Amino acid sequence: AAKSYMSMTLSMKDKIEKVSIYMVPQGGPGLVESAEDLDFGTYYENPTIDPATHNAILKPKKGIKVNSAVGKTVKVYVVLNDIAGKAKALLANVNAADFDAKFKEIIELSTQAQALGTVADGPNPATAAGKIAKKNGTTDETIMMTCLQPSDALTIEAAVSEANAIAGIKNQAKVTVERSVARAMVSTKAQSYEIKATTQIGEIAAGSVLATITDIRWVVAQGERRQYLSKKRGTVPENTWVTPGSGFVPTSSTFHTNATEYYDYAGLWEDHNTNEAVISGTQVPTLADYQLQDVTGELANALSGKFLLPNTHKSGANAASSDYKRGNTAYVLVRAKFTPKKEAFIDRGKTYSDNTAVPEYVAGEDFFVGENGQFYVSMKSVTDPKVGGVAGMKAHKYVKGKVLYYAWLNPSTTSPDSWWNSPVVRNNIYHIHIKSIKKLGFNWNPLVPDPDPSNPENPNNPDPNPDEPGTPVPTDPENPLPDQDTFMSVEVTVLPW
């Protein structure tokens, strides 16, 4: 039953499962006519490429029935792969007059509670972005897409045959769609790195090998948990496209109480391992692993990277004028095993004040790095002057040698201590390549909200504070992005997806 037919040419490996079309009459209050959750393979041909734009076109092969909208001037909006039902639910019973504004309103992918995981959620936590972006084995990917702007207006003519609509003779419009998530990818020059001392460390002279970093893994966190259904422009040059959390600029205290109102951390538990002797997270491929034809299984999942929801703030040229902070910006967390040479330990071969012998450092065990930069086998050593310790000195405990590094997804400018800004925008790929790991990282991750910040326990953080009270924190959520002295050498590439 149809007063007329219409169709939609769509423009952009991606699998398109579903298509939703919304015909919005112009001019004032009115009735939207929608055809939601159509089976893509029933209504469209397979994607093909155009020489000019070198982009994909999705050509209709079946007509869309029109009834209420016949004779009206409409604009057409499109959602592809609405697989969490979010667009359908947001747009239901929306008047034609309100539809354009509603199409740029917010959808919630993870609740505030869901934005934090625990150990029981690993190794495959539900993430905000994962709910609208799925990898189908190693074959292809199903990703939600929306149009940035609707079709040019057109008048739906009555009595147009399905054949003429499909052929584009009458009642055909054109829409461009873009993916609702961004992709993070990480690679590494080598799977191991040699660390040189830059000063005397125990018996290790400056310039000599201090340690080896092995078993490098990664996770991604602090993308958003909500998003504008389709991209929303800001009002100033410093932030082209705004996100629901753009206005949030944390302080040391408001980070813990308010960060989950905007950001997802469930992904920190991806590929988590409950054995603390083992490094948690996803493997990092070498550049060589991409050239490999026919990969295994868990290497395949690592190569294709991870999804996250957009996250932008007002950009600036310094700490004062940039609203990007460590507590509101998307980050890659790199985890690795740091194995120091036993000779690096200033307490080696010495005797404690209680006349017991200082034990030799055992590879893979905890070690402690004092405020003075020296290495100790225990807290007893750290504070005992007879073994090179210092009374009242604090130290960082590296739990079974676990070290942590941050990489920001879209550093600008580059390269070391001037990347003040890091916008993450949908339908882009952020490729972080590790060229080297240059020194000792951090022993825990303070960029995770702690529901009771007065104590070090935090079940929502796989890398909680292991240190005694009064120990300086490695970093703070209210800090700006750039590192005064780089822990990692990286090159970040951003390209259209």
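Quick note: we count residues from 1 along the sequence shown, nothing fancier.
Participant: Unmodelled stretch from the deposited sequence between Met12 and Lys13, which bin: none, 1 to 3, 4 to 9, 10 or more?
Facilitator: A long stretch, 10 or more residues, is missing between them.
Participant: If you average the Cα B factors in the entry, which is higher, 298-306 or 325-333?
Facilitator: According to the entry, 298-306 carries the higher average C-alpha B-factor.
Participant: Would 348-356 or 93-101 have the larger average of its C-alpha temperature factors, as given in the entry?
Facilitator: Averaging CA B-factors over each stretch, the winner is 348-356.
Participant: From the list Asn164, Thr111, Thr146, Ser422, select the residue with the highest C-alpha B factor recorded in the entry.
Facilitator: The C-alpha B-factor peaks, among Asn164, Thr111, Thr146, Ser422, at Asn164.
Participant: Going by the entry, which of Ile49, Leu440, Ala69, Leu447 has the most elevated CA B factor?
Facilitator: Highest C-alpha B-factor among the listed options: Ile49.
Participant: Considering every modelled residue of the chain and its Cα B-factor in the PDB entry, is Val19 in the lowest, middle or highest third?
Facilitator: According to the entry, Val19 has a C-alpha B-factor in the chain's middle third.
Participant: Comparing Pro125 with the other modelled residues of its chain, is its CA B-factor in the lowest, middle or highest third?
Facilitator: It falls in the bottom third of the chain.
Participant: Going by the recorded CA B-factors, say which third of the chain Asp264 sits in, lowest, middle or highest.
Facilitator: Lowest third, going by the recorded CA B-factors of the chain.
Participant: Please place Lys88 in the lowest, middle or highest third of its chain by C-alpha B factor as given in the entry.
Facilitator: Middle third of the chain for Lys88's C-alpha B-factor.
Participant: Could you tell me which third, lowest, middle or highest, the C-alpha B-factor of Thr42 occupies within its chain?
Facilitator: Its C-alpha B-factor, which the entry lists for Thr42, ranks in the highest third among residues of this chain.
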